[PDB]
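Shown next as structure tokens: one chain only, the form deposited in one PDB entry.
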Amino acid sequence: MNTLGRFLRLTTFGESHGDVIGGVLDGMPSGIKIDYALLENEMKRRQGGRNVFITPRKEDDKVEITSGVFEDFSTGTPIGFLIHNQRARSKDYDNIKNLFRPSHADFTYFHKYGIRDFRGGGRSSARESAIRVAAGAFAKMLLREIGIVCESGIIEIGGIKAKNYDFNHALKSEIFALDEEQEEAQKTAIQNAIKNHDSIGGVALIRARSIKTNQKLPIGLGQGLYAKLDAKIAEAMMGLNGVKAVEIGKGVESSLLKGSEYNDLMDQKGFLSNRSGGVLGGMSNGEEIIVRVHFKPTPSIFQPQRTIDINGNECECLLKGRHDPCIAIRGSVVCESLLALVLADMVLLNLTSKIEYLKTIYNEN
């Protein structure tokens, strides 16, 4: 299935090893101004921007809109776009293209489809995330029209956790650290991973809130029993390569609390606490949507690993060259895009909820 979404539908050209990757976002309402700066900044962010960097212009990925946009405004038709990659030599990073790399999709792709076809160069994840972030930028444009914004950051790296969350600081951090007091320890874990030709896991925090200070998000986003908001968020995050767990609000700690401790009480303005993480009964309850995504350590490590080849014979996997020491970093941005796409889809699907919405638009608008 190469399509994400029910009405705001993102479809991808899928896994490829060519110089061009494409995608199409359909369901965008018309009249939304296309924020090229936002789109461009999102693509830059995806490259885990750290210490020092030059104009992402010619330096990296450029998004080419081929349709659905007329004079900087969405037309209401599909927005097709192409992303062009490298084209000037390379380095290394590989091994034996006939063995299964541990913790990689090699084995399962081989058995499901049979046809080998395996090459490095961001293999799959990388490319697809570019499609997701680009699409998410459009979803963010839609969300902004009704005052919603999505943000993210890293709260954990190798078990070293953040105590306080500062999203503004994360944006400027080399590792999107949400807690400046735990950042250095976190950076150190990353350096030790690199030093030891190893990788390390991490945890990303994703949030959706109102731009207008503390004003509630729409209440009721989420559809029926089988397209609930938290369900679609989990589907989207867990679907990200490297993700082994997803939490909404209090998450795993929820199961350790008693009813009197968890239940979120309410007063006239809203809920008094947010253990629900913004989703109650499968629908947004107005409070901030809080999501935690757990990433396993990067699969590729420059270390000998026992595995087997396509013939079933034992061999050594030794992936030379540098590798991302912690995929959770770039991952946070992708999770942020995914939350934006899911949320925008829900904003659109909710329009059919009450008869008054139809009367307003048809008998008057």
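From 1 onward, residues are counted along the sequence shown. Between two forms, the rigid core is the largest collection of C-alphas that superpose within 1.5 Å.
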{"query": "Higher-B stretch (mean Cα B-factor, as the entry records it), 87 to 95 or 131 to 139", "finding": "87 to 95"}
{"query": "102 to 110 or 226 to 234, whichever carries the higher mean Cα B-factor", "finding": "102 to 110"}
{"query": "Top Cα B factor in the deposited entry, candidates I301, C335, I329, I54", "finding": "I54"}
{"query": "Residue selected from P297, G27, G49, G31 by maximal Cα B factor", "finding": "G49"}
{"query": "Relative C-alpha B-factor of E151, binned into the chain's lowest, middle or highest third", "finding": "lowest"}
{"query": "Within-chain third of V342 by Cα B-factor, per the entry", "finding": "lowest"}
{"query": "Modelled-residue ranking by C-alpha temperature factor, third containing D35", "finding": "middle"}
{"query": "Third of the chain's Cα B-factor distribution that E247 belongs to, per the entry", "finding": "lowest"}
{"query": "Ranked C-alpha temperature factor of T352 among modelled chain residues, by third", "finding": "middle"}
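Only in words, not in the display: the form deposited in another entry, which the text now covers.
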{"query": "Rigid-core-referenced C-alpha movement of 2 Å or more between this form and the one not shown, selected from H111, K269, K244, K195", "finding": "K269"}
{"query": "Rigid core superposition, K172 Cα moves 2 angstroms or more between this form and the one not shown", "finding": "no"}
{"query": "Threshold 2 Å Cα movement between this form and the one not shown at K258, rigid core reference", "finding": "no"}
{"query": "Displaced residue check between this form and the one not shown: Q215, CA, 2 Å or over, core reference", "finding": "no"}
